[PDB]
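The next block holds one structure in the form of structure tokens; read it before the comments.
As a basis for the values below, the full set of heavy atoms in this structure was taken, side chains included, without hydrogen atoms, waters or symmetry mates. Per chain, numbering begins at 1; letters A, B, ... match sequence-line order.
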Amino acid sequence: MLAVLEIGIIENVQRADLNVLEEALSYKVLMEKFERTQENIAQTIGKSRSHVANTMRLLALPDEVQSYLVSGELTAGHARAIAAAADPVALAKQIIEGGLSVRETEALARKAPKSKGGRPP
Amino acid sequence: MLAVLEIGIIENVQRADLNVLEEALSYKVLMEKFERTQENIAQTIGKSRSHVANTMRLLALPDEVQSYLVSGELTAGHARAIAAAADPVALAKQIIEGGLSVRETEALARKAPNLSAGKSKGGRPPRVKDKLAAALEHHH
DNA sequence: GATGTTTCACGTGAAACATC
DNA sequence: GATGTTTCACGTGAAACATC
């Protein structure tokens with residue numbers, strides 16, 4: 001089987017009519033099956049390693065936030081900015097309610113976020 | 001003939017694999033033949049009227065600059081920023097040599113205006129000197 | 001070396017002017 | 001009303017950090 005097949009498939013992920021989350025799952029599945037690094041994918045598609053990483057990180061977002069991405073109520077920039085936040089769904093609602101830019105959203109994330117319990121001695 | 005045909009063709013200009021100049025000529029040709037305004041195209045493709053105008057304005061650039069756009073040595077932002085300049089080809093060379101951002105390119109364009117079309121038209125010099133004209137020689 | 005994450009420079013597209 | 005042009009806000013993608 002010709003090696004060029006893998007390269008063409010990876011190349012055409014970004015050239016196809018895929019939303020950001022469809023591109024993410026594509027890269028993840030291809031990295032796994034063809035056993036390729038974030039760095040290898042990046043060099044293949046002519047992008048940065050962090051771009052590949054940040055794209056796939058979006059798959060970890062709660063389904064409510066992913067729904068906003070698909071519907072276009074949030075952009076990829078908004079979603080990524082709240083990805084490592086305590087309550088991304090709360091922040092998502094604030095972004096849509098307030099009409100926040102990605103820059104304003106980054107500011108919100110900076111200025112926002114538990115006891116494991118056990119019998120008291 | 002169904003009217004929806006024109007709309008689909010206009011819609012798919014931006015969805016096709018066209019460089020900025022191919023998109024420009026498409027819009028121009030379609031505006032002409034279907035007798036539609038910049039405003040009508042804009043509303044059809046879900047963009048601004050100025051976006052449609054600025055896109056087509058790029059067709060007026062010298063062939064040398066258009067070549068840089070096609071080759072990717074310049075972006076649409078660079079090309080548009082020098083479109084109303086006296087010598088766009090000179091500016092194009094400076095942008096590529098210096099690796100100037102579009103913001104830096106806009107700054108260059110401000111401080112080298114096309115308003116240098118105040119060139120002397122010539123003409124036989126009159127018998128009576130014309131004092132004011134003679135005095136504007138030094139300052140110019 | 002591989003990957004997680006944040007901050008900001010960039011070109012693109014639009015607002016804010018202009019003329020005719 | 002239609003169109004020419006300039007300036008700048010925006011999201012995207014990358015640099016500059018981090019851990020393991």
Side-chain angles (χ1 to χ4, degrees), chain A residues 14 19-20 23-24 27-28 31-32 35-43 45-61 69 72-86 88 91 95 99-110 112, chain B residues 14 19-20 23-24 27-28 31-32 35-43 45-61 68-69 72-86 88 91 95 99-110 112-113:
Chain A
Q14 73 195 334
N19 69 40
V20 67
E23 293 186 16
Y27 288 138
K28 178 167 193 271
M31 278 182 61
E32 181 177 328
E35 306 187 26
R36 305 174 88 109
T37 62
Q38 292 187 347
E39 177 61 28
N40 171 280
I41 297 302
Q43 285 195 19
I45 75 172
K47 286 284 148 59
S48 70
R49 190 281 313 173
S50 58
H51 170 74
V52 172
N54 281 331
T55 299
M56 287 181 304
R57 277 181 60 234
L58 295 174
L59 294 169
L61 287 166
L69 269 179
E73 280 166 88
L74 291 181
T75 77
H78 293 105
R80 189 191 63 201
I82 65 170
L91 293 187
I95 291 157
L100 300 182
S101 67
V102 174
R103 230 86 299 147
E104 285 173 326
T105 301
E106 286 162 6
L108 181 58
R110 279 189 197 79
Chain B
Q14 74 195 333
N19 69 41
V20 67
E23 291 190 9
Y27 288 138
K28 178 174 205 270
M31 278 182 62
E32 281 190 41
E35 306 176 68
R36 305 174 88 109
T37 62
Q38 292 188 348
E39 178 62 27
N40 171 280
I41 297 301
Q43 285 188 8
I45 75 173
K47 287 284 148 63
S48 70
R49 191 281 313 174
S50 57
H51 170 74
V52 172
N54 281 331
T55 299
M56 288 179 305
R57 277 182 59 233
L58 295 174
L59 295 169
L61 287 166
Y68 294 135
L69 268 179
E73 280 166 87
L74 291 181
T75 77
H78 293 105
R80 188 190 67 204
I82 65 170
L91 293 187
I95 290 157
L100 301 182
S101 67
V102 174
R103 230 86 297 147
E104 285 173 327
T105 301
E106 286 162 5
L108 181 58
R110 279 189 198 78

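- Of all nucleotides present, only C:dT3 satisfies the Watson-Crick or G-U wobble test against D:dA18, with each distance under 3.5 Å.
- Pairing for C:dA9 goes to D:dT12, judged as Watson-Crick or G-U wobble with the two contacts each under 3.5 Å.
- Within the nucleic acid shown, B:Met56 has no heavy atom closer than 4.0 Å to any nucleic acid atom.
- One interatomic measurement links the two molecules: CG of B:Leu61 to P of D:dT5, which rounds to 10 Å at whole-angstrom precision.
- Using a cut-off of 4.0 Å between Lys/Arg side-chain N and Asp/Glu carboxylate O, A:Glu32 and A:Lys28 are scored as not salt-bridged.
- Remark: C1' of D:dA2 and OH of B:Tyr27 are 18 Å apart, rounded to the nearest angstrom.
- A pairwise comparison of heavy atoms in B:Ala109 and B:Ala81 identifies CB-O, 3.3 Å as the closest pair.
- Closest approach of B:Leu100 and B:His78 over heavy atoms only: O-NE2, 2.9 Å.
- The heavy-atom pair separating B:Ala79 from B:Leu61 by the smallest distance is CB-CD1, 3.7 Å.
- Here the shortest heavy-atom pairing between A:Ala85 and A:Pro88 reads O-CD, 3.4 Å.
- With rounding to whole Å, B:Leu59 atom CG is found 15 Å from D:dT3 atom P.
- The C1'-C2'-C3'-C4' dihedral of C:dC8 is negative. Its furanose therefore counts as south.
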- Along nucleotides 6-15 of chain C, 5' to 3', which nucleotides get a B, which get an S, and which get a -, given that the test is a protein heavy-atom distance under 4.0 Å? BBBB-BBBBB
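- Screening B:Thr75, B:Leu59, B:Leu69 against B:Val20 for a side chain to side chain contact (heavy atoms under 4.5 Å, CB included) leaves a single residue, B:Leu69.
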